[PDB]
Amino acid sequence: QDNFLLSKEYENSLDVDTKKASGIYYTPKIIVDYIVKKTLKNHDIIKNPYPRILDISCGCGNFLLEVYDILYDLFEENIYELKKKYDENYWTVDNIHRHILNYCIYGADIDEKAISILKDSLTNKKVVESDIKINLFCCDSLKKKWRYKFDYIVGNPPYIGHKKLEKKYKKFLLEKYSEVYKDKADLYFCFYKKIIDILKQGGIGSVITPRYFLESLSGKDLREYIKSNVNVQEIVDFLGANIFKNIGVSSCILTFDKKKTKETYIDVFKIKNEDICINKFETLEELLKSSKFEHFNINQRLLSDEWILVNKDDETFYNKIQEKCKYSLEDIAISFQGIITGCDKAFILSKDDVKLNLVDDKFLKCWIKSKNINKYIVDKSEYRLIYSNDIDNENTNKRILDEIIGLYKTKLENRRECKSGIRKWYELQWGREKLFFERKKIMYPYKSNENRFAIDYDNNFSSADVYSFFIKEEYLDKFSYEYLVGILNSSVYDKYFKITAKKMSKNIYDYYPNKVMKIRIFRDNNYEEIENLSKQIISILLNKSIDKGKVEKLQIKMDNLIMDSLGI
DNA sequence: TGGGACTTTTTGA
DNA sequence: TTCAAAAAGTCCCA
Ligand SMILES: Nc1ncnc2c1ncn2[C@@H]1O[C@H](C[C@@H](N)CC[C@H](N)C(=O)O)[C@@H](O)[C@H]1O
Ligand SMILES: [K+]
């Protein structure tokens, strides 16, 4: 039988909106096989022939049908031993099917049609007496009053972020799941909590979820809950690899238990090449045991609020830098997010747009995107922002409102602050403070494959795809902008930032203040030469005609100085 | 269809 | 009053 045929057809029958609204995305066979084998390979069926295995978001049964197959083999291979040890009339091969359905397999899901599909599949596992009772619940698993705990829990919970959940349901989650769910958290945090809570003492859970909670600020409470309530046996981190075809998400597999053990050591498997096609191989285990993955151990007792999951060389490197640097960016700098207009099409125009003849130049600001940020310098802006907060009233600037911004008035009126009357329909939603942008400052893209910190000399504005900071006045005599972009753009600081950065998709990390401002910095005898090399690079890059190859050589020299400074 | 360039505004606090 | 986080990303193309 093909346990993945009907579920795949059902998933293909749905549209994008319904799948996103319920997280209806099913797990490929190679992942299911690994997780089921991980949980059930060494189960002692003679000691415990009544194992309770749960998928609380079972869908059409990608996990539970495989659980059925493994359990059938487990019972069948030991049928005469069970017969001798226990009721000899109960333990026959012809009874295994019934037993598995009555006592061992449990599923829950909000989706009534998927439950119906799974019920038919489990029934069709045996050509069939009485009607066998199957333990499938059509319910919201986060609200169900669960009547008992489970020996094994496996699956793939729905992933739904703070924009796609409804506010009423989010009120429920904020009230009832506050130990792991606050602010910009995700629904799968709540599923982690529920799974941990209904796992028996000595039970084992194994799930594939997004990887982002391993590093995200929103995941802090969830990480604390996990490390305080279960022993984490294993983390498989796929980084930016594409595990779910046609899905823009990055994955990890957590296996944990509630066993009374003095172990506290976690096996960490981290992929090396993000470009591998996982499904091209027979099993995940063979990939984990090859040169395609790196393995190392982490002492669970040494985890802080942050989980730094790196090998010994990277740990030594990170610790050297942390110990050597007496300052962080947060100590010496003021950080801020870019403008949020709330409807960019209304306020952002190409600088050559004829409509800008209608707008007085005192309202216009230079506007850049993340792609305009290079190491050390920003591209020339191609766009202009109408800083519409400076429009006093409607009458005096009628054309601007009628012929440019008003084209999106309906959309503009749907913004939260306009509906509440806090913002006029033509104003920017979060216009911040002009004075913060209209000064020398450092700017960096919010998502990038590498450190790209640039000095802005042109009072550029940007949306939230670009973050900025300026150096506090009291630290200007200890750190200049040129020195800071020198060390921040170095190979050393790229590796150092990525030790703890939030890995988003293939070749993309978040560069957000909650981690960028934690970067630590130093000043020593190499300060002057590092700064001079940075100035040389900057001067080359701003030259209209100069070829930039020498920049690389200058950078190599700078990296060497930085390594000497940090003893690495 | 799979891979690469690129990134809005809604939202809780 | 007003901050900053959040990829079951978006979107285009060979
Ligand atoms: N509140 C909920 N309670 C229970 N199930 C839910 C809830 N919300 C969504 N679901 C289901 O969660 C499932 C998540 C899917 N990724 C299916 C996972 C399934 N275990 C599989 O790996 O194939 C979807 O089928 C949803 O219908
Ligand atoms: K017996």
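Chain letters run A, B, ... following the sequence lines, proteins first, then strands; residues in each count from 1.
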Would you tabulate the nitrogen or oxygen pairs shorter than 3.5 Å linking the protein to nucleotides 4-6 of chain B?
none

Contact list (N/O, under 3.5 angstrom) for nucleotides 10-14 of chain C vs protein:
unit_1: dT10(C); atom_1: OP2; unit_2: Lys20(A); atom_2: NZ; d: 3.2

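Counting non-hydrogen atoms under 4.0 angstrom, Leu174(A) reaches the backbone sugars and phosphates but no base. Residue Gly342(A) is in sugar-phosphate contact alone, with no base atom involved, counting any heavy-atom pair closer than 4.0 Å across all strands shown. Residue-level contact check: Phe336(A) touches the backbone only, with heavy atoms under 4.0 Å from sugar-phosphate atoms and none from bases. If you check every strand for non-hydrogen atoms under 4.0 Å, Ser216(A) touches sugar and phosphate atoms only. Counting non-hydrogen atoms under 4.0 angstrom, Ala464(A) reaches a base of the nucleic acid. Residue contacts shown for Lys170(A) are limited to sugar-phosphate atoms, with no base heavy atom under 4.0 Å away. Contact annotation for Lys171(A): no contact, since no heavy-atom pair falls under 4.0 Å across all strands. Using a 4.0 Å heavy-atom cutoff across all strands shown, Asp510(A) reaches no nucleic acid atom at all. Counting any heavy atom pair closer than 4.0 Å across all strands shown, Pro210(A) reaches no nucleic acid atom. Note on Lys515(A): nothing from the nucleic acid sits closer than 4.0 angstrom, heavy atoms only. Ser335(A) comes within 4.0 angstrom of the backbone, heavy atoms only, and of no base.
Going from atom CG of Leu217(A) over to atom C1' of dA13(B) covers 12 Å, rounded to whole Å. Atom CG of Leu165(A) is separated from atom P of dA8(C) by 11 Å (rounded to the nearest Å). Here the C1' atom of nucleotide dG9(C) and the CG atom of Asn246(A) are 13 Å apart, to the nearest Å. In this structure, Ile243(A) places its CD1 atom 15 Å from P of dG9(C), rounding to the nearest Å. Remark: P of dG12(B) and CD of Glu175(A) are 15 Å apart, rounded to the nearest angstrom. Nucleotide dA5(C) holds its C1' atom 16 Å from the NZ atom of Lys182(A), rounded to whole Å. One atom, CD1 of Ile208(A), and another, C1' of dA8(C), lie 11 Å apart when rounded to the nearest Å. We find that CZ of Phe238(A) is positioned 19 Å from P of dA7(C), with the value rounded to whole Å.
Side chain to side chain, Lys447(A) and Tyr512(A) meet the donor-acceptor criterion of an N or O pair below 3.5 Å. A donor-acceptor pair shorter than 3.5 Å can be found between the side chains of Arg432(A) and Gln337(A). Between the side chains of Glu427(A) and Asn389(A), no donor-acceptor pair is found at a separation under 3.5 Å. A donor-acceptor pair shorter than 3.5 Å can be found between the side chains of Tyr169(A) and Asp140(A). With hydrogens and angles left out, the side-chain atoms of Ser328(A) and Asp331(A) include a donor and acceptor closer than 3.5 Å. Side chains of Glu175(A) and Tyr181(A): no donor on one and acceptor on the other come within 3.5 Å. Of the N and O atoms on the side chains of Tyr457(A) and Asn460(A), not one donor lies less than 3.5 Å from an acceptor on the other residue. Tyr192(A) and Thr209(A) are linked by a side-chain donor-acceptor pair at a separation below 3.5 angstrom, with hydrogens and angles left out of the test. Under the 3.5 Å distance criterion, with hydrogens and angles disregarded, no donor-acceptor pair is assigned to the side chains of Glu450(A) and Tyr509(A). No donor-acceptor contact under 3.5 angstrom links the side chains of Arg423(A) and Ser420(A), judged on distance only. A donor-acceptor pair shorter than 3.5 Å can be found between the side chains of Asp15(A) and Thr18(A).
Residue-to-nucleotide proximity on DNA chain C shows that, of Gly338(A) and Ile24(A), the 5′-proximal contact is made by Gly338(A). Sequence order on DNA chain B of the closest nucleotides to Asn372(A) and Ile340(A) puts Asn372(A) first from the 5' end.
Taking every side-chain heavy atom of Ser463(A) into account, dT8(B) is the closest of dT8(B), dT1(C), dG12(B).
A cation-pi arrangement is not found for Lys440(A) relative to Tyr481(A), the charged atom failing to lie both closer than 6.0 Å to the ring centre and inside a 45° cone about the ring normal. Figure legend: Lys144(A) and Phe137(A) shown as a cation-pi pair, the cationic atom lying under 6.0 angstrom from the six-membered ring centre and within 45 degrees of its axis.
You'll find a donor-acceptor pair under 3.5 Å spanning the side chain of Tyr512(A) and the base of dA6(C), going by distance alone. For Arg432(A) and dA4(C), a side-chain-to-base donor-acceptor distance below 3.5 Å is present, hydrogens and geometry of angles not being considered. A donor-acceptor contact under 3.5 angstrom links the side-chain atoms of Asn156(A) to the base of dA8(C). At a cut-off of 3.5 angstrom, the base of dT11(B) holds at least one donor-acceptor pair with the side chain of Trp430(A). Between the side chain of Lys163(A) and the base of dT9(B), at least one donor-acceptor pair of N or O atoms lies under 3.5 Å.
For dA7(C) and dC11(C), the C1' atoms lie 14 Å apart once the distance is rounded to whole Å. Separating the P atom of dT9(B) from that of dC12(C) is a span of 16 Å, rounded to the nearest Å. The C1' atoms of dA5(C) and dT7(B) are separated by 15 Å, rounded to the nearest whole Å.
Legend: unstacked base step between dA6(C) and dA7(C); six-membered ring centres and planes not within 5.5 Å and 30° respectively. The neighbouring residues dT7(B) and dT8(B) do not form a stacked base step, as their six-membered rings are not both less than 5.5 angstrom apart at the centres and less than 30 degrees apart in plane orientation.
Between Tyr446(A) and the phosphate of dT8(B), there is no side-chain N or O to OP1/OP2 separation shorter than 4.0 Å. Between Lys502(A) and the phosphate of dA6(C), there is a side-chain N or O to OP1/OP2 separation shorter than 4.0 Å.
Within a 6.0 Å sphere centred on NZ of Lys113(A), other residues, nucleotides and ligands contribute 12 heavy atoms or fewer.
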Could you spell out the base pairing of DNA chain C as a dot-bracket line? Use Watson-Crick and G-U wobble contacts where both distances are under 3.5 Å, [ ] for crossing pairs, | for partners on a different strand. .||||||.||||||
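Ring pair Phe189(A)/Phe213(A) is perpendicular by interplanar angle, where above 60° counts as perpendicular and below 30° as parallel.
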